[PDB]
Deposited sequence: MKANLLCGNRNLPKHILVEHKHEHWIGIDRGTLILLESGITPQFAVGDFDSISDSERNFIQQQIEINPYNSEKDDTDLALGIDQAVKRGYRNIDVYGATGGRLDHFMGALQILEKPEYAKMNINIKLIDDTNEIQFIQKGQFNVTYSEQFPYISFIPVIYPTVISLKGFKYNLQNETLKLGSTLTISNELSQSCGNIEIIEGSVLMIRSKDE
């Protein structure tokens, strides 16, 4: 089951709320209000502006509840822009070791990016129409692909499928040109 979380209205892909109006949506803080104003009933909501559902941030809470509720595909919207600590809080979540063993998939999506946390191992990467660039950001991580503090463009802006093997852990970022 796929879960769509909305925790803001900044940088949202176009028509995301109308093209996906009948999917499972979850409100996070202010995202809840936006969903209601768009005629969408949230499966559940978290954060003020909730607590009786069932140390942590509202988004960490909402995602944890999604995971516990069996969702395997979790896409987070409205988590980039404005206050950046909120965006960093999101990246933290993706890193929780608890979501490592599980066969879960969480990603932050905005009108220009798609962020995922690729852990130690080997994964495949299919091409995409709107997302030409790919970049890996270590969270010592050594990697091997089909073309090969640290601040190098070595594993940044780069363009079937390919293999990505990590001999630590990184954040995979796909972005539009």
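- Task: Pop the missing stretches of the deposited sequence into a list, counting residues from 1 and keeping sequence order.
- Result: Missing C-alpha atoms (numbering from 1) occur across the ranges 50-55, 61-73, 159, 169-176, 188-190, 199-201, 212.
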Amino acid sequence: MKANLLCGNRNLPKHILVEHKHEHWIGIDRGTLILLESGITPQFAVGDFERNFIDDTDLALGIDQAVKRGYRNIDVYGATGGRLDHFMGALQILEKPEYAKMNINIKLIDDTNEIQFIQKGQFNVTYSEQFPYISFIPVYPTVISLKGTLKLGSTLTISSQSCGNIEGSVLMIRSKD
From here on, numbers count along this sequence of modelled residues.
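- Determine, for stretches 150-158 and 17-25, which one has the higher mean CA B-factor as deposited. Comparing 150-158 with 17-25, the higher average CA B-factor belongs to 150-158.
- Item | Segment of higher mean CA temperature factor, 105-113 or 121-129 | The entry gives the higher C-alpha B-factor average to 121-129.
- Between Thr32, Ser38, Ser145, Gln65, where does the Cα B-factor run highest in the record? Top of the list by C-alpha B-factor: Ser145.
- When the CA B-factors of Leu94, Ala100, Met88, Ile74 are compared as recorded in the entry, which is the largest? Result of the comparison over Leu94, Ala100, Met88, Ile74: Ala100.
- Please place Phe49 in the lowest, middle or highest third of its chain by C-alpha B factor as given in the entry. Highest third - that is where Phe49 ends up once the chain's C-alpha B-factors are sorted.
- Query: Taking the C-alpha B-factors as the PDB entry records them, is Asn165 in the lowest, middle or highest third of its chain?
  - Reply: Highest third of the chain for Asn165's C-alpha B-factor.
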